[PDB]
Each structure stands twice: as C-alpha cells, then as structure tokens.
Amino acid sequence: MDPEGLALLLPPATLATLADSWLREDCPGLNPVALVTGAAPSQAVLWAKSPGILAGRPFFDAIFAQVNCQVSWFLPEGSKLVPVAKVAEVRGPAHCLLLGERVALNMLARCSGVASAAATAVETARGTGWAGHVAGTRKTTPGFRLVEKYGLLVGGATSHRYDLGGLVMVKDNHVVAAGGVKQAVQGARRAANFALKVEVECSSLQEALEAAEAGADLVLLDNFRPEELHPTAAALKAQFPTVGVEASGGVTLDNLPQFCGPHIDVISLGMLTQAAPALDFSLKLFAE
C-alpha cells in the first residue's frame, strides 16, 4: 500500500548484488576519468527535472554504497515530483561520486517512469469510482524486472504475477497446445494444487464459462472491446459469483476509464512498462 513501506520487500543482499552487476556493466575495468577529478570529498544534489512519482530509493542507495558514497533524502518514496525538485544529496570522494552517477540516474529515471505511469493510470481508474486493481504485466525489460515491478508498486499498481511460478497462467498458446480450455485448466489444476491460482485468458463467453466451470480462479477477458466486455463480465459473474475477472489488451491511459466496470476486478496494461518514458534527473556537484 503506502509507498514508503514497500522498501521492506527488498532483501539488502539482493540490492547490493544487483548494484554490483550494473556498475560492472558500466565500468568493467579501469576508471580513467577518476584521474580528471581526484578523490576529494564532494557533495552533489539529485534534481528532478520531470514531473511524476519518485521511485527507486533502495536501489539508488545500494548503487552509491558500492562506491562508498552516502545519500540523504528530502523526498519520501512515492512522492510526487515537481521540477526542479531537490530530491536528495549524495556525498563521497569525487571520483566515486561520478562513477556511481550514471548508473544511479538510469535506474531511478526508469523506476520512476514506471511508477509515474502506474500512478497516472491508478488515479484515472479511481476517478470512475471503480474499486478494482490496476496491474502491470510480464512485459518487463529482461534483467531489470525487480526494479520495474517495484516501480509499479510505488505507483500504486499491483505487481500481478512476478514470475512463471507465482500463479498458473493459461494463455492463448497454452490452450491451443492443450487442445481446448477444459483440457488446459485440467493440467493447470494439477500444476497449481492448493498453493497457486489458475488464470485462463478467454476469447469468448463460452471459453470464460468453460474456464470457470473447469475450476479457474480468475478469468482474463483478453482484447474485448469494452462494449462487448462488461456484459460478458456480468454474464460470467452471474453464472460464477466467486471467479475473479481481469481485463487486458489494447488498454491505454486515455481509454482506461471505458474498461472500468462493476464486474471487472483487474485491469492490466502493458504500456506501464512498455511505453512509460524515463523521468529526467540530474546530479550536480556543489561547493561547501
């Protein structure tokens, strides 16, 4: 829920190991430009130049700790950012500060870009009175899923499935390989047991009812026009009152209100991670 508690989701060793791979990527050997500046103790401020939502403090602190620098934060995680906000101050030896700089901003810029999109979508969804959840997807940048999912949460969206072991997601392709919806859910059931849930994407109302009848827990009504979506949803809820319904496909920040209806429990958008632009931050040294 509240953005500041979300940092408890991240084990410190995980953050350090991650900050380490990123820095290795950016400077795998020697850092020549360190000779340009030397190591005098220095101070920089992180400035937010785009509007949105601050997300990524834990990764950010971790990166800078890998180059022996410390960060002091003026804004809490999940704060609205308004240009040109003095977000934080970073201190350490000049060469170490500037080595951490690029990696830290790249991370923060994207973590916050996702969180901003998430929050814009969630706020819009709220506007309609809808009580449902706005969710992300598995359309994340390979290697960088931890950061992107955390961004989503900071923006107030639900992670949805983190990985291929969190809930048994039966998609289009799986149905076809299985030879029909009933057949797919049947193997999904054996795979899920009591621990995991089963979600099946459906193209029609028959499929959605066949799904729920087989023992699906959630129904993903995929790529419906909203005109055809909500009656199908009401219908499914009418024959199956407990079954969660999700709506996905061709959803955008602009068209999202249309997708918000009383029989829809979840709306997921790929654009939260696929088309969320990075926020602009800078880090500038200052004297004192």
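In case it trips you up, residue 1 is the first one in the sequence shown, and so on.
Annotation for 121 to 129 versus 144 to 152: the higher mean temperature factor (C-alpha) is found in 121 to 129.
The PDB entry reports B-factors from which the mean C-alpha value can be compared for 235 to 243 and 43 to 51; the larger average falls on 235 to 243. Residue-level inspection of the entry shows that, of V168, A85, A195, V103, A195 has the top Cα B-factor. Across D172, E207, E77, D217, the entry's maximum B-factor at the CA atom is seen for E207. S203: CA B factor in the highest third of modelled residues in this chain (values from the PDB entry). Sort the chain's modelled residues by C-alpha temperature factor and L81 lands in the middle third, per the entry.
Per the deposited record, the Cα B-factor of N255 falls in the highest third when ranked against the other modelled residues of its chain.
Among all modelled residues in this chain, the alpha-carbon of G38 has a temperature factor (C-alpha) in the lowest third.
Ranked by Cα temperature factor within the chain, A7 sits in the lowest third according to the deposited record.
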